[PDB]
Structures are given as structure tokens and as C-alpha cells.
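The structure appears below as C-alpha cells.
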Amino acid sequence: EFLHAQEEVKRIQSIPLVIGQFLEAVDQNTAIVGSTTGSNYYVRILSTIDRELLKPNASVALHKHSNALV
Amino acid sequence: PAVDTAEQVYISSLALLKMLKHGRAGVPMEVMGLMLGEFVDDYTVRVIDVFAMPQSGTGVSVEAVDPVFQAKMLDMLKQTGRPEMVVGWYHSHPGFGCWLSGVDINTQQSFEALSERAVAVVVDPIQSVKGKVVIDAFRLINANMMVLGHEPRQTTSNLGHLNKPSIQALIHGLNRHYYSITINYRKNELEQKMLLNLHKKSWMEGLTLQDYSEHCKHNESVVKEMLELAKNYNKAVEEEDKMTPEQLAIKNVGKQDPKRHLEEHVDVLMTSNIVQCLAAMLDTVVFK
Amino acid sequence: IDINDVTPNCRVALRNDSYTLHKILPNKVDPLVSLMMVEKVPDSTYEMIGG
Amino acid sequence: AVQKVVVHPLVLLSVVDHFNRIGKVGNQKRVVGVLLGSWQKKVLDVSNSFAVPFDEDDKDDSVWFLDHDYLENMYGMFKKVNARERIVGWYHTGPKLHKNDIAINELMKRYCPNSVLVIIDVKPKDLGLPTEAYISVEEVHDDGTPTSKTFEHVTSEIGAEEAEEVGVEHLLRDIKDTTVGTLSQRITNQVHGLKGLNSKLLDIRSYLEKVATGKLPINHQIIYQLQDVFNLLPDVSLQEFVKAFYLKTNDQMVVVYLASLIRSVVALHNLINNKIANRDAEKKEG
């Protein structure tokens, strides 16, 4: 089951992701991402990501449907 | 009388695949088709086959059911051996989730006119992009009984409240004008031993020794990164800061040095090396 | 969330479906004014200043 | 020609469903249907297949009725539903070819010049794919032998598209092995490959026995393909190869030893931590 869960987490990042700008991190497990579509969103950060890479304004790929940063 | 929340729309393995394929063909538009199955009893609606109806400018509406096409399709499928009745209809909701709009409700009522149990199915080919298959079965709630009685479905069992309504379906009219039906997937062996062949892995793949060049490169890279990680583990353990160590282990949790990037790599290396060596020896024995 | 905690210009977050507020979120700061806040302290110390 | 045939999962479930429904009411050996698919450069991609009424007499082997009008009407319906699919061949669930398959192949060629017969067995066999795409070849045989219609073979593989893949993943989420090379699955796969090699060698040996006893003809072709196989044997125990392979085995074993040392040290550290935690809890108890 753990292996299947890992595969699911990896499948969350599945290519067709909308690029967005990381605006500011509200707190771990969440952050504000400004989607390139032209609307600011509040999304849920993925745990596996590296917190160091989350610069004040960096390009973050967002899930196309759920809009969670992945 | 009343419909039990225990009713279960049985969707066969072929039906789900055909519905997904038809929905994915139409996107960016909306496809629709009639569902062939049996009303086996009051608490179950079994769908065996689903045949797409041709795309028409009308859309998914009562006029999308070309009577000549449906009649000829049923007549020709009867000869092959599928004398099934029309148990319901399905239409793809690209983008938006499984719910029913006004025209959808009108079409559902028209279908119900023929049979009181004509279930309606909604499939979204875009949401169902991964191990999740967003498929819902909906039927119309007599707005009359909304006041004449109360809710529309008896709850004689717990086989239905083991599921949850969706904000989307709730917003578009769920439990108000439309009520969902638990979708059970009727899968059997032969139809599950044939589908474990999409990726079955040939016997050869389990005797290929990889390539020793990139195998050595991978071993070297993993060993170097594990040396760096061992340096980090050394720093973390030798520190052993006792300023509330239970709190220290929780204030430095970031999926880092200690064990995560640790023995995870040990497992990767040892699995790869053991498998490669065993395959090499099996080849040295089997092939001469 | 209590209505008393939503002060004007608080940068709330709204649910996509019904647009209900479910968080307060940090107040918006103009991007360019954020860089002016000293997050990493400089290395200079008083003993380094002489005379 | 056809370099390869990709049979999408729906074709298989359709052919399992047709065989089941025909078998459930009445009894009929084999099940014949028309395969619909699109042509890549040379890789035929079968996506859908519809049943066609088909009565045959096993005794005569030359009596067989296949609907022409029914086939054309079904194809017209499917073209209305989706026109990207053109007829590309036929399938029959019969595990082995049949003497009348050539006439049916000609009838199919009447609708598609490049017809591929995919024999979709409905009996789960753990060793091998469930498809075998066949084509009709008329040649002069070169090697002074009588020529006949026969059935040339084309490689077959089962692929899928996004929708069919999602459906398959949902269907087999309870009997699916975890994706990732867990050592258990790797060792099991290696065992499976050994079993497949044994089965293939047994089949080859049975054919060789038949040829030697005369029950089957000496091909004069393909046989020398087996000879080439026997020439391509690794020839292990050569001194240079032995030294190189020992070097590689030791190079892998040193990494395995380092991994074992890391694992032992981590386990010992965890044991120390747990022991200290237990002792601290006991001391704080009183």
C-alpha cells in the first residue's frame, strides 16, 4: 500500500501542469501561487518538494485541475 | 413505493472502458450514448454494454437519440447475441464534474417515461485522468414527493451511506432534483487476466542484465551521494544535541539526512545490485 | 472564522465553489517592499566599529 | 506488409464479452468478428471490434456464413460514431487457426487489402500475450516448393490510450502489483523469465522431435534460424570473460557490502535510541 501511495504521489505530477509564480508561503503544507492564467490562488504544497527551492518568487508547476503546487 | 439507497448500478468492465473512450474522443465537446443492461431487480441495475450515439449539433438532448440509429443498432446487436434492453444513457461532462443540468434532467425524465428505473450516468474524461475514475450514476427525484413524502430513497440498509455527496453535485442539484446511485464495477477473471497484459513484462525482461556501463555509473553516483549523506548523518548524530532531543527530532523534520535520504538509497543500491548479480548468474547457468 | 478578525484589506482566501472565506492569510505586502525587510542580519558588529 | 499490431484493451474485453455471450446461449467453437483500427506508418493500431454473425461446420470445413450486409451496416454505424477507425482485419477466439480461415481472410480483404487476423485467445495463459496477428502472403517460395495462401505472422503487442489506461487501472487496482522494482517482484520476474525460457525451449524441442520423426516437414527455413540461435550462445567459461565477470561481481559485491554496513549501523543506532528511550521512560516512571 505504501508503494502504491508513493506511485500516486508521483502521478500527481503527470506532465500537463500550469506554470505559476510562488507569491508567499502561508505555512508548511500550503502556499499562495499566482497562476499564469491571470488569477491568484491559495493552494496546498506537496510534502516531497524541497522547501529551500521555494524562493520568494519562483516558477512553480501547479496541478491543472486541483491547482495544488506539485 | 420507494427506491432503496442500496440500489447499485452495476457497470461492466467493457461498459466503463467504452464510456471512457467515447468521452475522451469528444472532448472538447459532449458525447452521449445509450447503455444496454438489465433491471435484474429493484435494488440493482446491471449495464453490460454501452454503444455510442452519433455526435449531433443538438448535443446531449432527447434529439441526440437518433431513433433510426438506435433501432438499427439494437436490431443488429440482437443477432450477435446481445438481446439487452436500454437501461439508461451516459454523457460526458468535459471539465466539470458528474452532475446534471436542466437539459440533462429533461432527458432523464424522458428516459424514465419508458421505465421508472432508467439510470443516468455521467462520466468526465478530463477529471478521470489517473487512478481516479470520476463516474456517477444519477436518477431524477420526483420534486412532488419532495413534499408529499420527504426524501425519495428508503434506507433499509447501510450499503449506500458508505459514500459521500460532492459539493459540485450538491450545487448542481444533488439530493434536490437528482439522487446518486452507488456505481459498482462488475469485474470477472478472464476480463481481469486479459487486462493484466497491458503491461505483463515478457520473460526476457526478467533475464536482461541491464547494461553494465550505466549500471556502473548509477552505482558510482548513488555511492557518492550516499557518502555525502553519510557525512550529513555523521554531523546529525555526533551532534546529538540534548536540548530537549524529542523536540529536536521534530524541529528538523524535512525529509532529510537521518534515514529518509539514508537507507532509502541503501535499499535502491542493494536491490539493483542483487537483482543484476542474480540475473547474471542465472544467465551464466542457463545459457551454456 | 469570526467576522471580527476580517479587517479591511486582509487578503482572505475564498473557496472555489461557494466563495466562503475559510482563512485569513498574511496581509498583502507590495513585492519590492518585502525585499527591504532585513531577514539575514549583516555580519558587522559594534566591536568592529572603532573611534 | 504490417510491421506490428497494437491491440488496445477494449478489443480484448469486447472479444471476451462476445465469446462469453455466444457461449452462454448455445455452444459454438471460436468466435469471429471484425477489427477496426487506424494505420500508422506500418504499425496497425486496433481500437474497436464488433461481432459479426458466423455459422460454420467443423466437419465439412468449407461451409461458413459471414454477414456481408451486417458487416457493412455495423461499419457504417461505427463510422458515424467515429470515422477515424477503418476496417483493418478480423479476429477469432479459436485458440488455433482453422482450415477455412483463408476464405474468411479473403472476404475481409474485400473490405481492407491489408487484413490482419488477431487470434484473441479467451483462455488465460500465464506465459505469453493473448494476441497473435496473422496476415495472408502469396509468394513463389523461391526454394522450389509449391506455393499456397498460408498465413504470415506479424508481431503483436497490447498497448492502450489514456482513457483505456485509466479504465484498466481502476479495474485492476485490487490485483495489481506495485509499480517499482521491489526485490520480491524482481526475483519473481526472474523466475517467470526462467519458466518462459523453459516453455519456449520445450516447444522448440517438441517441434524438433516431430521433424526428426517425420510427423512434420523439415522447413529448410527457420530451422537454420534455430541453428543461428545455437551459434549465438554466450560460450561462458572463457578465461577472459571469466576474469571480467569476476571483476564485475566483486565490484557489485563491494557496493552491497557498503550498503550492508550502512544498514547495520543504522539499525544499531535505532536500537540504541529505543533502548535509551525505554530506560528513560522507566526511570521517569518512578
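Ordering of the C-alpha cells sets the chain letters (A, B, ...); residue numbers start at 1 within each chain; ligands are numbered from 1 in the order shown.
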I want to know what sits within 10 Å of residue 13 (chain C), based on only C-alpha atoms, with residues of the same chain fewer than 6 positions away left out; could you give that as a short mmCIF file (atom, residue, chain, number, x, y, z; two decimals) with N, CA, C and O atoms, in the first residue's frame?
```
data_model
loop_
_atom_site.label_atom_id
_atom_site.label_comp_id
_atom_site.auth_asym_id
_atom_site.auth_seq_id
_atom_site.Cartn_x
_atom_site.Cartn_y
_atom_site.Cartn_z
N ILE A 32 0.61 30.41 -1.40
CA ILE A 32 -0.12 31.19 -2.39
C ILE A 32 0.67 31.17 -3.69
O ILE A 32 1.85 31.53 -3.71
N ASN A 40 -4.86 34.80 -8.92
CA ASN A 40 -4.11 34.36 -7.75
C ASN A 40 -4.89 33.29 -7.00
O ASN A 40 -6.10 33.42 -6.78
N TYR A 41 -4.20 32.23 -6.60
CA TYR A 41 -4.83 31.09 -5.95
C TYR A 41 -4.12 30.78 -4.64
O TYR A 41 -2.95 31.12 -4.45
N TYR A 42 -4.84 30.12 -3.73
CA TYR A 42 -4.29 29.59 -2.50
C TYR A 42 -4.33 28.07 -2.63
O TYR A 42 -5.41 27.48 -2.71
N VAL A 43 -3.16 27.44 -2.66
CA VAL A 43 -3.05 26.02 -2.97
C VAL A 43 -2.34 25.28 -1.84
O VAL A 43 -1.83 25.90 -0.90
N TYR C 19 -17.33 30.36 -2.60
CA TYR C 19 -16.62 31.59 -2.27
C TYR C 19 -16.67 31.92 -0.79
O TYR C 19 -16.53 33.10 -0.43
N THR C 20 -16.86 30.94 0.08
CA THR C 20 -16.82 31.18 1.51
C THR C 20 -15.38 31.36 1.99
O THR C 20 -14.47 30.64 1.58
N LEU C 21 -15.18 32.34 2.88
CA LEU C 21 -13.88 32.58 3.49
C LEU C 21 -13.62 31.46 4.49
O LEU C 21 -14.47 31.16 5.33
N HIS C 22 -12.44 30.86 4.42
CA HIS C 22 -12.03 29.81 5.34
C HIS C 22 -10.63 30.03 5.89
O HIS C 22 -10.11 29.15 6.58
N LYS C 23 -10.03 31.18 5.62
CA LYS C 23 -8.71 31.51 6.14
C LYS C 23 -8.52 33.01 6.04
O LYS C 23 -9.22 33.69 5.29
N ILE C 24 -7.57 33.53 6.81
CA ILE C 24 -7.30 34.96 6.82
C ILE C 24 -6.09 35.30 5.96
O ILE C 24 -6.08 36.32 5.26
N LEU C 25 -5.06 34.46 6.00
CA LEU C 25 -3.89 34.64 5.14
C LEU C 25 -3.08 35.85 5.56
O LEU C 25 -3.64 36.81 6.11
#
```
Practice task
Up to 12 Å from chain B, what residues of chain C turn up? Count only C-alpha atoms and give them as a ChimeraX atom specification.
Solution key: /C:15-18
Practice task
Write down, as number ranges by chain, each residue of chain D that has any atom within 8 Å of an atom of chain A, counting only C-alpha atoms.
Solution key: D: 178-180
Counting only C-alpha atoms, which residues in chain B sit no more than 8 Å from chain A? For each one, give the nearest pair of atoms and the distance in Å, sorted by chain then residue number, as a tab-separated table.
```
residue	atom	partner	partner_atom	distance
B:127	CA	A:65	CA	7.6
B:130	CA	A:11	CA	7.5
B:131	CA	A:8	CA	7.9
B:255	CA	A:48	CA	7.6
```
Within 9 Å of region 110-115 of chain D, counting only C-alpha atoms, which residues show up once you throw out same-chain ones fewer than 6 positions away? Write them as a PDB file with N, CA, C and O atoms, in the first residue's frame, please.
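Full text of selection.pdb as output:
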```
ATOM      1  N   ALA D   1       2.898  -4.700 -46.236  1.00  0.00           N
ATOM      2  CA  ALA D   1       3.055  -5.536 -45.054  1.00  0.00           C
ATOM      3  C   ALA D   1       2.673  -4.773 -43.792  1.00  0.00           C
ATOM      4  O   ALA D   1       2.387  -3.578 -43.843  1.00  0.00           O
ATOM      5  N   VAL D   2       2.660  -5.472 -42.661  1.00  0.00           N
ATOM      6  CA  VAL D   2       2.366  -4.884 -41.360  1.00  0.00           C
ATOM      7  C   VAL D   2       3.504  -5.251 -40.419  1.00  0.00           C
ATOM      8  O   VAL D   2       3.722  -6.435 -40.135  1.00  0.00           O
ATOM      9  N   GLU D  72     -21.225  -4.472 -43.214  1.00  0.00           N
ATOM     10  CA  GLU D  72     -21.212  -3.131 -43.788  1.00  0.00           C
ATOM     11  C   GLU D  72     -22.045  -2.163 -42.955  1.00  0.00           C
ATOM     12  O   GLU D  72     -21.646  -1.013 -42.746  1.00  0.00           O
ATOM     13  N   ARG D  86     -11.011   2.617 -39.553  1.00  0.00           N
ATOM     14  CA  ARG D  86     -11.301   1.873 -40.767  1.00  0.00           C
ATOM     15  C   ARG D  86     -11.030   0.396 -40.529  1.00  0.00           C
ATOM     16  O   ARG D  86     -10.183   0.031 -39.708  1.00  0.00           O
ATOM     17  N   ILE D  87     -11.760  -0.458 -41.244  1.00  0.00           N
ATOM     18  CA  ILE D  87     -11.598  -1.895 -41.068  1.00  0.00           C
ATOM     19  C   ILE D  87     -10.167  -2.275 -41.413  1.00  0.00           C
ATOM     20  O   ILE D  87      -9.626  -1.847 -42.440  1.00  0.00           O
ATOM     21  N   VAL D  88      -9.542  -3.078 -40.552  1.00  0.00           N
ATOM     22  CA  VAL D  88      -8.147  -3.463 -40.710  1.00  0.00           C
ATOM     23  C   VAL D  88      -7.936  -4.964 -40.632  1.00  0.00           C
ATOM     24  O   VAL D  88      -6.808  -5.426 -40.834  1.00  0.00           O
ATOM     25  N   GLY D  89      -8.971  -5.740 -40.349  1.00  0.00           N
ATOM     26  CA  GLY D  89      -8.799  -7.182 -40.256  1.00  0.00           C
ATOM     27  C   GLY D  89      -9.925  -7.810 -39.453  1.00  0.00           C
ATOM     28  O   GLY D  89     -10.965  -7.191 -39.234  1.00  0.00           O
ATOM     29  N   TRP D  90      -9.685  -9.046 -39.021  1.00  0.00           N
ATOM     30  CA  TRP D  90     -10.680  -9.805 -38.282  1.00  0.00           C
ATOM     31  C   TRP D  90      -9.998 -10.606 -37.184  1.00  0.00           C
ATOM     32  O   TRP D  90      -8.795 -10.873 -37.232  1.00  0.00           O
ATOM     33  N   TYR D 134      -2.010 -12.411 -37.689  1.00  0.00           N
ATOM     34  CA  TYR D 134      -1.626 -13.153 -38.878  1.00  0.00           C
ATOM     35  C   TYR D 134      -2.047 -12.390 -40.128  1.00  0.00           C
ATOM     36  O   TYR D 134      -3.047 -11.667 -40.127  1.00  0.00           O
ATOM     37  N   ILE D 135      -1.270 -12.557 -41.197  1.00  0.00           N
ATOM     38  CA  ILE D 135      -1.541 -11.928 -42.481  1.00  0.00           C
ATOM     39  C   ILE D 135      -1.415 -12.983 -43.572  1.00  0.00           C
ATOM     40  O   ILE D 135      -0.781 -14.024 -43.391  1.00  0.00           O
ATOM     41  N   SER D 136      -2.030 -12.699 -44.716  1.00  0.00           N
ATOM     42  CA  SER D 136      -2.021 -13.608 -45.855  1.00  0.00           C
ATOM     43  C   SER D 136      -0.894 -13.233 -46.806  1.00  0.00           C
ATOM     44  O   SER D 136      -0.767 -12.068 -47.195  1.00  0.00           O
TER      45      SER D 136
END
```
Practice task
Tell me which protein, DNA and RNA residues are within 12 Å of residue 52 (chain A), counting only C-alpha atoms, leaving out same-chain ones fewer than 5 positions away, and put them as number ranges by chain.
Solution key: A: 25, 28, 58; B: 254, 256
Practice task
Looking only at strand (DSSP E) from DSSP on the backbone, list the matching residues of chain A as number ranges by chain.
Solution key: A: 18-27, 30-35, 40-43, 59-62
For the residues in that selection, give me N, CA and C atoms as a JSON list (two decimals), in the first residue's frame.
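What follows is the written file selection_11.json:
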```json
[["chain", "number", "residue", "atom", "x", "y", "z"],
["A", 18, "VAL", "N", 0.24, 23.67, -15.15],
["A", 18, "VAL", "CA", 0.27, 25.10, -15.43],
["A", 18, "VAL", "C", 1.38, 25.74, -14.61],
["A", 19, "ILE", "N", 2.26, 26.48, -15.28],
["A", 19, "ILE", "CA", 3.35, 27.17, -14.60],
["A", 19, "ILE", "C", 2.80, 28.40, -13.89],
["A", 20, "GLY", "N", 3.27, 28.63, -12.67],
["A", 20, "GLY", "CA", 2.82, 29.76, -11.89],
["A", 20, "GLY", "C", 3.95, 30.33, -11.05],
["A", 21, "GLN", "N", 3.70, 31.50, -10.49],
["A", 21, "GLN", "CA", 4.68, 32.21, -9.68],
["A", 21, "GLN", "C", 4.34, 32.02, -8.21],
["A", 22, "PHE", "N", 5.32, 31.57, -7.43],
["A", 22, "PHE", "CA", 5.14, 31.43, -5.99],
["A", 22, "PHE", "C", 5.15, 32.82, -5.35],
["A", 23, "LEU", "N", 4.02, 33.21, -4.76],
["A", 23, "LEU", "CA", 3.88, 34.54, -4.19],
["A", 23, "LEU", "C", 4.40, 34.61, -2.76],
["A", 24, "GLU", "N", 3.85, 33.78, -1.87],
["A", 24, "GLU", "CA", 4.30, 33.77, -0.48],
["A", 24, "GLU", "C", 3.72, 32.54, 0.20],
["A", 25, "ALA", "N", 4.54, 31.92, 1.06],
["A", 25, "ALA", "CA", 4.17, 30.68, 1.72],
["A", 25, "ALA", "C", 3.43, 31.01, 3.01],
["A", 26, "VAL", "N", 2.14, 30.67, 3.06],
["A", 26, "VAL", "CA", 1.36, 30.91, 4.27],
["A", 26, "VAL", "C", 1.91, 30.09, 5.42],
["A", 27, "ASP", "N", 2.19, 28.81, 5.17],
["A", 27, "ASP", "CA", 2.76, 27.90, 6.16],
["A", 27, "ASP", "C", 3.00, 26.57, 5.47],
["A", 30, "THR", "N", 1.05, 24.48, 2.62],
["A", 30, "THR", "CA", 0.20, 25.40, 1.89],
["A", 30, "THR", "C", 1.04, 26.59, 1.44],
["A", 31, "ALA", "N", 0.53, 27.32, 0.46],
["A", 31, "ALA", "CA", 1.21, 28.50, -0.07],
["A", 31, "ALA", "C", 0.31, 29.16, -1.10],
["A", 32, "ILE", "N", 0.61, 30.41, -1.40],
["A", 32, "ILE", "CA", -0.12, 31.19, -2.39],
["A", 32, "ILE", "C", 0.67, 31.17, -3.69],
["A", 33, "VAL", "N", 0.02, 30.74, -4.77],
["A", 33, "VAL", "CA", 0.64, 30.66, -6.09],
["A", 33, "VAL", "C", -0.16, 31.51, -7.06],
["A", 34, "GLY", "N", 0.54, 32.38, -7.79],
["A", 34, "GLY", "CA", -0.11, 33.19, -8.79],
["A", 34, "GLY", "C", -0.08, 32.53, -10.15],
["A", 35, "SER", "N", -1.18, 31.89, -10.52],
["A", 35, "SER", "CA", -1.22, 31.13, -11.77],
["A", 35, "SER", "C", -1.03, 32.06, -12.96],
["A", 40, "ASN", "N", -4.86, 34.80, -8.92],
["A", 40, "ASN", "CA", -4.11, 34.36, -7.75],
["A", 40, "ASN", "C", -4.89, 33.29, -7.00],
["A", 41, "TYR", "N", -4.20, 32.23, -6.60],
["A", 41, "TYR", "CA", -4.83, 31.09, -5.95],
["A", 41, "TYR", "C", -4.12, 30.78, -4.64],
["A", 42, "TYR", "N", -4.84, 30.12, -3.73],
["A", 42, "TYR", "CA", -4.29, 29.59, -2.50],
["A", 42, "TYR", "C", -4.33, 28.07, -2.63],
["A", 43, "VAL", "N", -3.16, 27.44, -2.66],
["A", 43, "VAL", "CA", -3.05, 26.02, -2.97],
["A", 43, "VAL", "C", -2.34, 25.28, -1.84],
["A", 59, "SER", "N", 9.18, 30.07, -10.17],
["A", 59, "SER", "CA", 8.25, 29.38, -11.05],
["A", 59, "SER", "C", 7.92, 28.01, -10.48],
["A", 60, "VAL", "N", 6.65, 27.79, -10.14],
["A", 60, "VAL", "CA", 6.19, 26.55, -9.54],
["A", 60, "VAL", "C", 5.13, 25.94, -10.43],
["A", 61, "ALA", "N", 5.31, 24.68, -10.80],
["A", 61, "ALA", "CA", 4.31, 23.97, -11.58],
["A", 61, "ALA", "C", 3.12, 23.62, -10.70],
["A", 62, "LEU", "N", 1.92, 23.89, -11.19],
["A", 62, "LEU", "CA", 0.69, 23.68, -10.44],
["A", 62, "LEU", "C", -0.17, 22.64, -11.14]]
```
Practice task
Show which residues sit within 9 Å of region 94-105 of chain D, as a ChimeraX atom specification. Count only C-alpha atoms, and ignore same-chain residues fewer than 2 positions away.
Solution key: /D:29-32,61-64,66,89-92,107-110,115-117,119-123,135-136,149-151
